[PDB]
file my_file.cif (mmCIF, C-alpha atoms)
data_upload
#
loop_
_atom_site.label_atom_id
_atom_site.label_comp_id
_atom_site.auth_asym_id
_atom_site.auth_seq_id
_atom_site.Cartn_x
_atom_site.Cartn_y
_atom_site.Cartn_z
CA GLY F 1 20.38 -116.56 -106.67
CA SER F 2 20.56 -114.71 -103.35
CA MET F 3 22.86 -115.92 -100.57
CA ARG F 4 22.15 -115.32 -96.87
CA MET F 5 25.50 -114.80 -95.14
CA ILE F 6 25.76 -115.53 -91.42
CA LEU F 7 28.72 -113.66 -89.89
CA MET F 8 30.10 -114.21 -86.40
CA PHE F 9 32.69 -111.82 -85.06
CA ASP F 10 34.98 -112.05 -82.02
CA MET F 11 38.20 -110.33 -80.96
CA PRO F 12 40.09 -109.50 -77.77
CA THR F 13 38.79 -106.31 -76.20
CA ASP F 14 40.92 -105.75 -73.11
CA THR F 15 42.80 -102.77 -74.63
CA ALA F 16 41.41 -99.38 -75.61
CA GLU F 17 42.88 -99.81 -79.10
CA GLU F 18 41.01 -103.10 -79.49
CA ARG F 19 37.69 -101.67 -78.38
CA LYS F 20 38.08 -98.78 -80.83
CA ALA F 21 38.85 -101.33 -83.57
CA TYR F 22 35.78 -103.33 -82.57
CA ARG F 23 33.55 -100.23 -82.80
CA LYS F 24 35.10 -99.39 -86.17
CA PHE F 25 34.49 -102.84 -87.64
CA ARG F 26 30.92 -103.01 -86.28
CA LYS F 27 30.16 -99.63 -87.84
CA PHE F 28 31.62 -100.97 -91.09
CA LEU F 29 29.39 -104.05 -90.98
CA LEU F 30 26.31 -101.89 -90.52
CA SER F 31 27.28 -99.52 -93.34
CA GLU F 32 27.64 -102.61 -95.52
CA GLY F 33 24.07 -103.60 -94.66
CA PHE F 34 24.63 -106.32 -92.07
CA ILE F 35 22.12 -106.36 -89.21
CA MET F 36 23.16 -107.35 -85.72
CA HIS F 37 20.89 -109.98 -84.28
CA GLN F 38 22.74 -110.27 -80.98
CA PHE F 39 26.22 -109.67 -79.64
CA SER F 40 28.73 -111.14 -82.15
CA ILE F 41 25.95 -112.34 -84.54
CA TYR F 42 25.23 -110.65 -87.89
CA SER F 43 23.72 -111.40 -91.28
CA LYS F 44 23.25 -109.93 -94.73
CA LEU F 45 21.36 -111.05 -97.81
CA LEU F 46 23.83 -111.05 -100.68
CA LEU F 47 22.23 -110.81 -104.12
CA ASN F 48 24.41 -113.46 -105.78
CA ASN F 49 27.73 -115.29 -105.74
CA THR F 50 29.62 -112.39 -107.35
CA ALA F 51 28.42 -110.02 -104.62
CA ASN F 52 29.21 -112.70 -102.06
CA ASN F 53 32.78 -113.06 -103.27
CA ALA F 54 33.39 -109.31 -103.28
CA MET F 55 32.04 -109.12 -99.72
CA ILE F 56 34.36 -111.86 -98.45
CA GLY F 57 37.33 -109.90 -99.83
CA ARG F 58 36.09 -106.67 -98.25
CA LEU F 59 35.61 -108.41 -94.90
CA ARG F 60 39.13 -109.83 -94.96
CA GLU F 61 40.48 -106.34 -95.79
CA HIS F 62 38.56 -104.68 -92.94
CA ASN F 63 39.09 -107.42 -90.27
CA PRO F 64 40.88 -105.90 -87.23
CA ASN F 65 44.18 -107.02 -85.79
CA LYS F 66 43.30 -110.26 -83.87
CA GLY F 67 39.75 -110.21 -85.31
CA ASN F 68 38.05 -113.55 -85.98
CA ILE F 69 35.29 -113.68 -88.60
CA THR F 70 33.19 -116.81 -89.16
CA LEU F 71 31.22 -116.87 -92.43
CA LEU F 72 28.54 -119.37 -93.40
CA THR F 73 25.93 -119.24 -96.15
CA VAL F 74 22.56 -120.60 -95.09
CA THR F 75 19.33 -121.11 -96.95
CA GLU F 76 16.34 -119.02 -95.99
CA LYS F 77 14.72 -122.07 -94.35
CA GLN F 78 17.88 -122.67 -92.30
CA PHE F 79 17.99 -118.99 -91.36
CA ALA F 80 14.35 -119.09 -90.19
CA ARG F 81 15.14 -122.13 -88.04
CA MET F 82 18.24 -120.63 -86.37
CA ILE F 83 18.32 -121.09 -82.61
CA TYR F 84 19.91 -118.59 -80.22
CA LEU F 85 20.56 -118.97 -76.48
CA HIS F 86 21.86 -116.23 -74.19
CA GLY F 87 23.65 -117.01 -70.95
CA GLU F 88 22.04 -114.96 -68.18
CA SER J 1 22.80 -136.39 -92.90
CA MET J 2 22.37 -132.79 -91.76
CA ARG J 3 24.99 -131.27 -89.47
CA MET J 4 24.12 -129.17 -86.48
CA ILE J 5 26.67 -126.37 -86.18
CA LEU J 6 27.10 -124.72 -82.81
CA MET J 7 28.80 -121.34 -82.72
CA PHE J 8 29.73 -120.08 -79.29
CA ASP J 9 30.91 -116.58 -78.31
CA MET J 10 31.55 -114.89 -74.98
CA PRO J 11 33.97 -112.19 -73.92
CA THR J 12 37.15 -113.84 -72.58
CA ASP J 13 39.23 -110.81 -71.62
CA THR J 14 39.51 -111.97 -68.00
CA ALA J 15 41.06 -115.16 -66.69
CA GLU J 16 37.71 -115.91 -65.01
CA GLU J 17 35.90 -115.62 -68.34
CA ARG J 18 38.40 -117.84 -70.17
CA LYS J 19 37.96 -120.42 -67.40
CA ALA J 20 34.17 -120.36 -67.88
CA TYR J 21 34.69 -120.73 -71.62
CA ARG J 22 36.91 -123.80 -71.10
CA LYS J 23 34.34 -125.38 -68.77
CA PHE J 24 31.63 -124.92 -71.41
CA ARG J 25 33.91 -126.33 -74.11
CA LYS J 26 34.49 -129.42 -71.96
CA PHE J 27 30.74 -129.75 -71.59
CA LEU J 28 30.22 -129.52 -75.39
CA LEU J 29 32.74 -132.30 -75.97
CA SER J 30 30.91 -134.41 -73.38
CA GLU J 31 27.68 -133.81 -75.36
CA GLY J 32 29.32 -135.31 -78.43
CA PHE J 33 30.15 -132.09 -80.25
CA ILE J 34 33.36 -132.05 -82.30
CA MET J 35 35.57 -128.94 -82.13
CA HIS J 36 36.53 -127.09 -85.35
CA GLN J 37 37.66 -123.80 -83.82
CA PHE J 38 37.52 -122.08 -80.44
CA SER J 39 33.99 -120.97 -81.27
CA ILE J 40 32.83 -123.61 -83.78
CA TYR J 41 31.50 -127.12 -83.04
CA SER J 42 29.38 -129.68 -84.87
CA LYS J 43 27.51 -132.91 -84.52
CA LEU J 44 25.15 -135.01 -86.63
CA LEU J 45 21.58 -133.70 -86.27
CA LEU J 46 19.68 -135.62 -83.59
CA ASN J 47 16.07 -136.71 -83.85
CA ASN J 48 13.63 -133.99 -82.73
CA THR J 49 12.94 -135.31 -79.22
CA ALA J 50 16.63 -135.88 -78.39
CA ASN J 51 17.45 -132.56 -80.02
CA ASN J 52 15.01 -130.68 -77.77
CA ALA J 53 16.50 -132.32 -74.66
CA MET J 54 20.03 -131.36 -75.76
CA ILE J 55 18.97 -127.75 -76.35
CA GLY J 56 17.67 -127.66 -72.77
CA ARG J 57 21.04 -128.91 -71.52
CA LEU J 58 22.91 -126.34 -73.62
CA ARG J 59 20.69 -123.57 -72.26
CA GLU J 60 21.39 -124.73 -68.70
CA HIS J 61 25.20 -124.87 -69.06
CA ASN J 62 25.59 -121.68 -71.11
CA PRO J 63 27.89 -119.34 -69.14
CA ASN J 64 26.92 -115.85 -68.13
CA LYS J 65 27.50 -113.64 -71.17
CA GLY J 66 27.56 -116.71 -73.42
CA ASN J 67 26.02 -116.64 -76.90
CA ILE J 68 25.06 -119.96 -78.49
CA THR J 69 23.88 -120.10 -82.11
CA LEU J 70 22.63 -123.37 -83.63
CA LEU J 71 22.27 -123.77 -87.38
CA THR J 72 21.55 -126.95 -89.29
CA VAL J 73 23.09 -127.34 -92.74
CA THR J 74 24.20 -130.05 -95.16
CA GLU J 75 27.74 -131.39 -95.12
CA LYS J 76 28.44 -129.67 -98.45
CA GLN J 77 27.15 -126.38 -97.07
CA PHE J 78 29.24 -126.78 -93.90
CA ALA J 79 32.40 -127.38 -95.98
CA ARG J 80 31.90 -123.93 -97.50
CA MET J 81 32.40 -122.29 -94.10
CA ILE J 82 35.09 -119.58 -94.01
CA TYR J 83 37.11 -118.47 -91.01
CA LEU J 84 39.14 -115.27 -91.22
CA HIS J 85 41.78 -114.41 -88.62
CA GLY J 86 43.39 -110.97 -88.73
CA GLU J 87 47.14 -111.09 -88.20
#
call {"tool": "encode", "arguments": {"input": "my_file.cif", "output": "structure tokens"}}
result
Amino acid sequence: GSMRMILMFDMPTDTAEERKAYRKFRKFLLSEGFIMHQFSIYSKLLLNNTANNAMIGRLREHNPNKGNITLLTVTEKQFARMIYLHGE
Amino acid sequence: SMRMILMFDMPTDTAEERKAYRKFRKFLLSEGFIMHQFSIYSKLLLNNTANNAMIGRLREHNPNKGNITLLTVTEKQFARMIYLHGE
């Protein structure tokens, strides 16, 4: 069955090189069909476990220098109940 | 036996930002969250009333530019979590 992947992304961005890498990875995520819900928070519906495994490999391959990717599969009910808080 | 997972992100390029991050981390530990990574914390899911109060406290202490995501999953689902760090 389908697998909703939550993806969090964070990396240092004090250098120009880093910010370019950040923009590159974000553009990659979008081209792969992730949607950005808020800064650092993305998700994609993967069709099945095979697709999910291929995606994890792709993500590792495309992760920038110093990039940190958190991946968690959630059920649709868990996804609907997600809570987000923004600081100011 | 559900686990509440808290994921926290904020820019920490400046020393001031990293300081604010550490202050929030200290607060999370004081709220009974357990640390699993710089950005990843968990605790056993509270009853609804207590859970609402805690969410209010999290909202209040969230730094400027802070992003808090709460998800509730089973232990087995939480164990499947992946963290990828680029060399």
call {"tool": "atom_distance", "arguments": {"input": "my_file.cif", "atom1": "atom CA of residue J:20", "atom2": "atom CA of residue J:2"}}
result
29.4 Å
call {"tool": "residues_around", "arguments": {"input": "my_file.cif", "residues": "residue F:64", "least_positions_apart": "2", "cutoff": "9 Å", "atoms": "only C-alpha atoms", "output": "list in words"}}
result
residues 11, 18, 21, 22, 24, 25, 60, 61, 62, 66, 67 and 68 of chain F; 85, 86 and 87 of chain J
call {"tool": "interface_residues", "arguments": {"input": "my_file.cif", "of": "chain F", "to": "chain J", "cutoff": "10 Å", "atoms": "only C-alpha atoms", "output": "ChimeraX atom specification"}}
result
/F:6-15,38-41,56,59-75,77-88
call {"tool": "resolve_selection", "arguments": {"input": "my_file.cif", "expression": "the PyMOL selection byres ((chain F and resi 49) around 12)", "output": "PyMOL selection string"}}
result
chain F and resi 1-5+45-48+50-56+73
call {"tool": "atom_distance", "arguments": {"input": "my_file.cif", "atom1": "atom CA of residue J:31", "atom2": "atom CA of residue J:54"}}
result
8.0 Å
call {"tool": "atom_distance", "arguments": {"input": "my_file.cif", "atom1": "atom CA of residue J:33", "atom2": "atom CA of residue J:53"}}
result
14.8 Å
call {"tool": "resolve_selection", "arguments": {"input": "my_file.cif", "expression": "the PyMOL selection byres ((chain J and resi 43) around 8)", "output": "list in words"}}
result
residues 3, 4, 5, 32, 33, 34, 41, 42, 44 and 45 of chain J
call {"tool": "build_atoms", "arguments": {"input": "my_file.cif", "residues": "stretch 18-41 of chain J", "atoms": "N, CA and C atoms", "output": "CSV table (one decimal), in the coordinates of the input"}}
result
chain,number,residue,atom,x,y,z
J,18,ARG,N,37.8,-116.8,-69.4
J,18,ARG,CA,38.4,-117.8,-70.2
J,18,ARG,C,38.2,-119.2,-69.5
J,19,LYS,N,38.2,-119.2,-68.2
J,19,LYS,CA,38.0,-120.4,-67.4
J,19,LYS,C,36.5,-120.9,-67.6
J,20,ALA,N,35.6,-120.0,-67.6
J,20,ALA,CA,34.2,-120.4,-67.9
J,20,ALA,C,34.0,-120.9,-69.3
J,21,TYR,N,34.6,-120.2,-70.2
J,21,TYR,CA,34.7,-120.7,-71.6
J,21,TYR,C,35.2,-122.2,-71.7
J,22,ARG,N,36.3,-122.4,-71.0
J,22,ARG,CA,36.9,-123.8,-71.1
J,22,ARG,C,36.0,-124.8,-70.5
J,23,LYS,N,35.3,-124.5,-69.4
J,23,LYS,CA,34.3,-125.4,-68.8
J,23,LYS,C,33.2,-125.7,-69.7
J,24,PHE,N,32.7,-124.7,-70.4
J,24,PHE,CA,31.6,-124.9,-71.4
J,24,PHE,C,32.1,-125.8,-72.6
J,25,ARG,N,33.3,-125.5,-73.0
J,25,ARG,CA,33.9,-126.3,-74.1
J,25,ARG,C,34.0,-127.8,-73.7
J,26,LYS,N,34.4,-128.1,-72.5
J,26,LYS,CA,34.5,-129.4,-72.0
J,26,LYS,C,33.1,-130.1,-72.0
J,27,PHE,N,32.1,-129.3,-71.6
J,27,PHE,CA,30.7,-129.8,-71.6
J,27,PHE,C,30.3,-130.1,-73.0
J,28,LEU,N,30.6,-129.2,-74.0
J,28,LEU,CA,30.2,-129.5,-75.4
J,28,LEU,C,30.8,-130.8,-75.9
J,29,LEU,N,32.1,-131.0,-75.6
J,29,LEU,CA,32.7,-132.3,-76.0
J,29,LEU,C,32.0,-133.5,-75.3
J,30,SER,N,31.6,-133.3,-74.1
J,30,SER,CA,30.9,-134.4,-73.4
J,30,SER,C,29.5,-134.7,-74.0
J,31,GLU,N,29.0,-133.7,-74.7
J,31,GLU,CA,27.7,-133.8,-75.4
J,31,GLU,C,27.9,-134.4,-76.8
J,32,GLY,N,29.1,-134.8,-77.1
J,32,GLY,CA,29.3,-135.3,-78.4
J,32,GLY,C,29.5,-134.3,-79.6
J,33,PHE,N,29.8,-133.0,-79.2
J,33,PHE,CA,30.2,-132.1,-80.2
J,33,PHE,C,31.6,-132.3,-80.6
J,34,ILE,N,32.0,-132.0,-81.8
J,34,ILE,CA,33.4,-132.0,-82.3
J,34,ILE,C,33.8,-130.6,-82.5
J,35,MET,N,35.1,-130.3,-82.1
J,35,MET,CA,35.6,-128.9,-82.1
J,35,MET,C,36.2,-128.7,-83.5
J,36,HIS,N,35.9,-127.5,-84.1
J,36,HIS,CA,36.5,-127.1,-85.4
J,36,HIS,C,37.3,-125.8,-85.2
J,37,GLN,N,37.0,-125.1,-84.1
J,37,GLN,CA,37.7,-123.8,-83.8
J,37,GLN,C,37.3,-123.5,-82.4
J,38,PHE,N,37.9,-122.4,-81.8
J,38,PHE,CA,37.5,-122.1,-80.4
J,38,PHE,C,36.0,-121.9,-80.3
J,39,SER,N,35.4,-121.3,-81.3
J,39,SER,CA,34.0,-121.0,-81.3
J,39,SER,C,33.1,-121.9,-82.1
J,40,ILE,N,33.6,-122.9,-82.8
J,40,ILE,CA,32.8,-123.6,-83.8
J,40,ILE,C,32.8,-125.1,-83.5
J,41,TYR,N,31.6,-125.7,-83.4
J,41,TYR,CA,31.5,-127.1,-83.0
J,41,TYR,C,30.4,-127.7,-83.9
